[PDB]
Amino acid sequence: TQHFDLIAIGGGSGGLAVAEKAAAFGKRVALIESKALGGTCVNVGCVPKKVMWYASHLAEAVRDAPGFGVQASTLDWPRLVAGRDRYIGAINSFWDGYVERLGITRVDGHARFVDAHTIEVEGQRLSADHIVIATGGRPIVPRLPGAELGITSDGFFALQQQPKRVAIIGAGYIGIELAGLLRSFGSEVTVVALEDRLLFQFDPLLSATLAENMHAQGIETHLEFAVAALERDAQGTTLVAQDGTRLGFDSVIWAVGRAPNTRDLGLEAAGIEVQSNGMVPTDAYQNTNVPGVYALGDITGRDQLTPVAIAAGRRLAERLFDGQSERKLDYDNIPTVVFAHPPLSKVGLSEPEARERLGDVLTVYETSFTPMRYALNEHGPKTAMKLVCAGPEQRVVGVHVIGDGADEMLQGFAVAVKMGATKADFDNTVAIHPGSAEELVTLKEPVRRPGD
Amino acid sequence: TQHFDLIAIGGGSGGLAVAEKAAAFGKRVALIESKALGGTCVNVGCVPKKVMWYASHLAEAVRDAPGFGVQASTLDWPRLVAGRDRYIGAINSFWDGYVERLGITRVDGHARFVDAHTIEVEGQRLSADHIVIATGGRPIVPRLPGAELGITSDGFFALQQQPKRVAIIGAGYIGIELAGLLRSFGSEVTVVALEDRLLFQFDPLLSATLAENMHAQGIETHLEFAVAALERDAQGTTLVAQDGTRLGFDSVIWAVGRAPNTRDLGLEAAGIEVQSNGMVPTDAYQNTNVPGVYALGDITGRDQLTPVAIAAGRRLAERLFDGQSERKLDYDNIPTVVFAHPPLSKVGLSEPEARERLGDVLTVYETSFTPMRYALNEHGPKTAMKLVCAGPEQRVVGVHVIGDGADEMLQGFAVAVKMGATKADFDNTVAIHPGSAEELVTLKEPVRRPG
Ligand SMILES: Cc1cc2nc3c(=O)[nH]c(=O)nc-3n(C[C@H](O)[C@H](O)[C@H](O)COP(=O)(O)OP(=O)(O)OC[C@H]3O[C@@H](n4cnc5c(N)ncnc54)[C@H](O)[C@@H]3O)c2cc1C
Ligand SMILES: Cc1cc2nc3c(=O)[nH]c(=O)nc-3n(C[C@H](O)[C@H](O)[C@H](O)COP(=O)(O)OP(=O)(O)OC[C@H]3O[C@@H](n4cnc5c(N)ncnc54)[C@H](O)[C@@H]3O)c2cc1C
Ligand SMILES: NC(=O)c1ccc[n+]([C@@H]2O[C@H](COP(=O)([O-])OP(=O)(O)OC[C@H]3O[C@@H](n4cnc5c(N)ncnc54)[C@H](O)[C@@H]3O)[C@@H](O)[C@H]2O)c1
Ligand SMILES: NC(=O)c1ccc[n+]([C@@H]2O[C@H](COP(=O)([O-])OP(=O)(O)OC[C@H]3O[C@@H](n4cnc5c(N)ncnc54)[C@H](O)[C@@H]3O)[C@@H](O)[C@H]2O)c1
Ligand SMILES: [Cl-]
Ligand SMILES: [Cl-]
Ligand SMILES: [Cl-]
Ligand SMILES: [Cl-]
Ligand SMILES: [Cl-]
Ligand SMILES: [Cl-]
Ligand SMILES: [Cl-]
Ligand SMILES: [Cl-]
Ligand code: NI
Ligand code: NI
Ligand code: NI
Ligand code: NI
């Protein structure tokens, strides 16, 4: 009730990770969770999406099979969801049991700080030497007229039936992944975005290639399209832009970012520093401004990814409970995959970023090609790759790929980039043939040198 | 006739590569080819096999689709053959045109040395300052009774119709790849192997997992099985082990190694050292014992891979024609993929090799799991992975993976291993989630420690 070494607020990626490691160092751990263990990722994030992603991968596969002489003949969405939910349910079940197995005290409900070192959960108060905030986020629904006519990614994973005509508002990760899933399943898919290109945070080569692939797949896009309101039309719902432009959808999905769950956490009661956008500032070691209070995962405003939350959690527990006083996560060169169809992946800096952060010091290599996966198909999606290099030695500061296999391609490259790999390091590595990844180690002439 | 800077013998991976780079450095280049440009890889190796591998990936995708709610569905082999060959043709055509574009003097026919710096092709003699031998290999057909009833991998890519009941003799690369192609196309396949495990050269964990995957997909295997002869039976041909065991097959495929094309090459006449197995010894810079004569690719008896022949050739051209007098290929840690279903991949040393070369100093990490690719399927193939580490610092000396995605997974890991990555280097890099590769950077407790 006061004798806990650790209270982890939130049983998602970060909370589970720090609770787990702490418990393994023989600490007394309390874990607070208002909903289901596993958090966003297991329930409404990474896992349901990747399961649905395989279904779309397999659907593309049955379309392309006759081209290779494989005689194949459409989605049963209820069966997909049922299978997906059984699988997700099993991971929830694992975690429920694992937490009990570790000896962690689970507390159901919504935790709020009551002071610098105590929380209250449905009237019950609990103190600890260390309180870790890992409450994650939730999808943003804009304060616009008729915004409630649209659903979010949470709503997407709740859908019991496949919608026929979809509008996706936002072209970040989830907007693009949702678009690719649904079009692959044969829905009409339009995506709209504020920006002049899809996947704005990513390198212009990936953005451009993705657009081509998406256009080729029949996905309608509208760039520089600000949604002013959503309205009800004759059997369906309509998007209304700034200028008055109208768009008959049976589903409109808001994919315009996520907000941190820090609104009534009692942070002011505890004197915890928090930004106007709800992000909780931390140092490199997840320390907030209040000693004994830490934040990790999405609410910290750094790379919004599951393995980032986990790693941040494990290292924090190592720091606090294993006397590894200098232990921290490195937030440079975190690899990521966007599960489009075909998917994309990157580690490190895009060209514009590297040009921002470093000078006119960039040597940039790139290539485009149709992979052998589509050799016997009519119009396969193009693969595109860019190596961003910096300095005379050509340190590789960015690796960017879009195309078949990209989802499994960059993990090892992330290792090399973290080790400070140069172009030479890549080039002295013998290719694997035949495949796509070999293209990253056989780039010859650069497209841009310092001066461009 | 004698004013050539380079004669490349063989228009395969090594010959093309050295000729191209020499030509690019403004040298006068002759390229001798007796058959088609592109060599083995383009015509009867990597490319046809990978084309068919995709058909096989798609057939499996077709099988698995209903489990994921995708309402699907059987191979039209002629359609596959026609598509494959058309794709192959384009690459040959590219090379034909490319060699002409580079200004290389192509010469059709079989080259033999006449002296240390001269070759003869169908009567014409040609000298050069530099002669690169890159004549590659050919499948081995053993000198057993009725060996000729079987076919080779060359014969596999010549087949116009899908065989119904196939025997694969050999559990190296080719045997395994072919077995997996055929089985997913619905043929009956049994593979026999001299060794006690499939893919002997590979790490036991890969071998053991591949056996499991292959058994689960209906492939029958016979280990420690030495075929003594092939005889005709009542429709089909039979395998006879030397103990007497008998196996009725539609086609029998020898996949028992490849022999170097160096028997009728005039190496005697030029004074070039050759081993009894036909391999041509070289130093680290591809130099034979006679100055001006070099060898690369398969006949050198090093890693028998396309990109290895290519890199060796390019680097040799840089050495010879661009004053980069120290340029050579590093033969340590060549990554490779074996295109089974699902494929496997490795870079560096297996556990047995590492103990053999480095001693009782290994920290070995292992994991095994069913990837999310098979989440809604009944019995997906296993994925298995091993990190082989050496020393107290735990340098990564071996990386090994079998399973979905293995074919695109290890290229970047090869770079890291090339740089001398340790386990710490792996663990300090954040995982990509969700996927399989992340398992390689999140291996916690080792299975074996020094001792
Ligand atoms: C659709 C979608 C797809 C995604 N795909 C990927 C992907 O493929 N790869 C990847 O790496 N990342 C992906 N992410 C991001 C990833 O899910 C998050 O980065 C990760 O879950 C963050 O973990 P966390 O611990 O910070 O927050 P969460 O995992 O969301 O955990 C927070 C938990 O705390 C609980 N909680 C909140 N407030 C309280 C309270 N005050 N008291 C008690 N409990 C509380 C919540 O119920 C929640 O369970 C995806 C996200 C979305 C939405
Ligand atoms: C079935 C199979 C699958 C394979 N799969 C892969 C794989 O996926 N990945 C990979 O990296 N490697 C693979 N390989 C191995 C790869 O093909 C070889 O390592 C590569 O082709 C070797 O190149 P090379 O230049 O040494 O020989 P080759 O490419 O075989 O070139 C030799 C050429 O020389 C010609 N020649 C021979 N004698 C003479 C003569 N005296 N005069 C003139 N010309 C002559 C031949 O016609 C031939 O064209 C595979 C091989 C096989 C057979
Ligand atoms: N595969 C993965 O690793 C994975 C998958 C999904 C999400 N994630 C994580 O979760 C986060 C989720 O971000 P997100 O994709 O929801 O959004 P985002 O922040 O990445 O993108 C913002 C988008 O909102 C749009 N937008 C905002 N207001 C608009 C308006 N009124 N009209 C039209 N468009 C408007 C903009 O056009 C913009 O494209 C990501 O940052 C990522 O880190 C990861
Ligand atoms: N994916 C790729 O990178 C790829 C694919 C295929 C081949 N290759 C290359 O080509 C080379 C040749 O491959 P390979 O598989 O033909 O050779 P191999 O040396 O790997 O095959 C040896 C096999 O021959 C068998 N064998 C020999 N005599 C036998 C007997 N009488 N009875 C039963 N079994 C017998 C053994 O059991 C053994 O399994 C490889 O070294 C490889 O580098 C590469
Ligand atoms: Cl236990
Ligand atoms: Cl409440
Ligand atoms: Cl909240
Ligand atoms: Cl896909
Ligand atoms: Cl030109
Ligand atoms: Cl002849
Ligand atoms: Cl010969
Ligand atoms: Cl496969
Ligand atoms: Ni207490
Ligand atoms: Ni107090
Ligand atoms: Ni001459
Ligand atoms: Ni002479």
Side-chain angles (χ1 to χ4, degrees), chain A residues 41 46-47 49-50 53-54 57 303 305-308 310-311 333-339 342-348 385 399-419 421 429 432 435-441, chain B residues 203 205-206 209 335-338 342-348 365-375 380-388 396 398-418 421 423 425-443:
Chain A
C41 186
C46 345
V47 171
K49 178 203 66 206
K50 191 71 184 281
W53 188 83
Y54 280 114
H57 172 82
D303 304 67
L305 303 172
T306 278
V308 178
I310 302 178
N333 307 301
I334 287 158
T336 184
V337 170
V338 175
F339 292 98
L344 55 100
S345 193
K346 65 102 192 178
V347 59
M385 287 160 168
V399 192
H400 310 268
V401 56
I402 182 179
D404 198 62
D407 52 305
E408 288 300 341
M409 203 173 290
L410 259 35
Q411 184 73 86
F413 284 102
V415 181
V417 173
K418 273 290 260 29
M419 293 182 63
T429 316
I432 294 167
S436 289
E438 65 171 308
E439 296 303 329
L440 295 165
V441 300
Chain B
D203 185 284
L205 192 259
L206 261 48
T209 303
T336 184
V337 168
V338 176
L344 51 112
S345 196
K346 68 102 185 174
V347 55
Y365 300 82
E366 260 181 8
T367 195
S368 180
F369 65 95
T370 300
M372 200 176 308
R373 160 62 183 93
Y374 303 106
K382 222 181 210 182
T383 296
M385 287 167 178
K386 176 182 283 171
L387 263 204
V388 186
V396 173
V399 189
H400 314 265
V401 54
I402 181 180
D404 192 69
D407 51 301
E408 289 298 353
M409 206 177 288
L410 293 198
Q411 181 68 270
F413 284 100
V415 179
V417 172
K418 192 103 292 277
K423 184 86 194 341
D425 290 324
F426 276 48
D427 299 344
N428 292 335
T429 137
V430 175
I432 291 167
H433 183 78
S436 290
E438 71 176 299
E439 292 298 299
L440 287 173
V441 299
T442 55
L443 286 158

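First the proteins, then the strands, lettered A, B, ... as listed; each starts at 1.
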Indicate yes or no: at least one non-hydrogen side-chain atom of [X] is less than 4.5 angstrom from one of [Y].
X	Y	answer
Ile432(A)	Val347(B)	no
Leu410(B)	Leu440(B)	yes
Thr429(A)	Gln411(B)	yes
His433(B)	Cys41(A)	yes

Test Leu387(B) against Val399(B) for side chain to side chain contact (heavy atoms under 4.5 Å, CB included), laying out the working first. CA-CA 5 Å; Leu387(B) 263 204; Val399(B) 189; 3.7 Å; yes
May I ask you to decide if the ring planes of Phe426(B) and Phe413(B) are parallel, tilted or perpendicular, using 30° and 60° as cut-offs? tilted
Between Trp53(A) and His57(A), how do the two ring planes meet: parallel, tilted or perpendicular, split at 30° and 60°? parallel
Return the [atom1] to [atom2] distance between [X] and [Y], rounded to the nearest 0.5 Å.
X	Y	atom1	atom2	value
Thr209(B)	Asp203(B)	OG1	CG	9.5 Å
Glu439(A)	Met409(A)	CD	CE	9.5 Å
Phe369(B)	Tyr374(B)	CZ	OH	11.5 Å
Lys346(A)	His400(A)	NZ	NE2	7.0 Å
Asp407(A)	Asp404(A)	CG	CG	8.0 Å
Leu305(A)	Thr336(A)	CG	OG1	4.5 Å

Would a distance-only check, ignoring hydrogens and angles, find a side-chain to backbone donor-acceptor pair under 3.5 Å from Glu408(B) to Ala437(A)? yes
Which atoms form the tightest heavy-atom contact between [X] and [Y], and what is the distance?
X	Y	answer
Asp425(B)	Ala421(B)	OD2-CA, 3.4 Å
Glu438(B)	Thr442(B)	O-OG1, 2.7 Å
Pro371(B)	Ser436(B)	CB-OG, 3.6 Å
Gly412(A)	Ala416(B)	O-CB, 4.4 Å
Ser345(A)	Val337(A)	OG-CG2, 3.4 Å
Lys50(A)	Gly435(B)	NZ-CA, 3.9 Å

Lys423(B) NZ/CZ over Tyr365(B) ring centroid, <6.0 Å and within 45° of normal: yes
Is the number of heavy atoms from other residues, nucleotides or ligands within 6.0 Å of NZ (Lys382(B)) greater than 12? no
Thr383(B): side-chain hydrogen bond (donor to acceptor under 3.5 Å, both in side chains) partners, not counting sequence neighbours: none
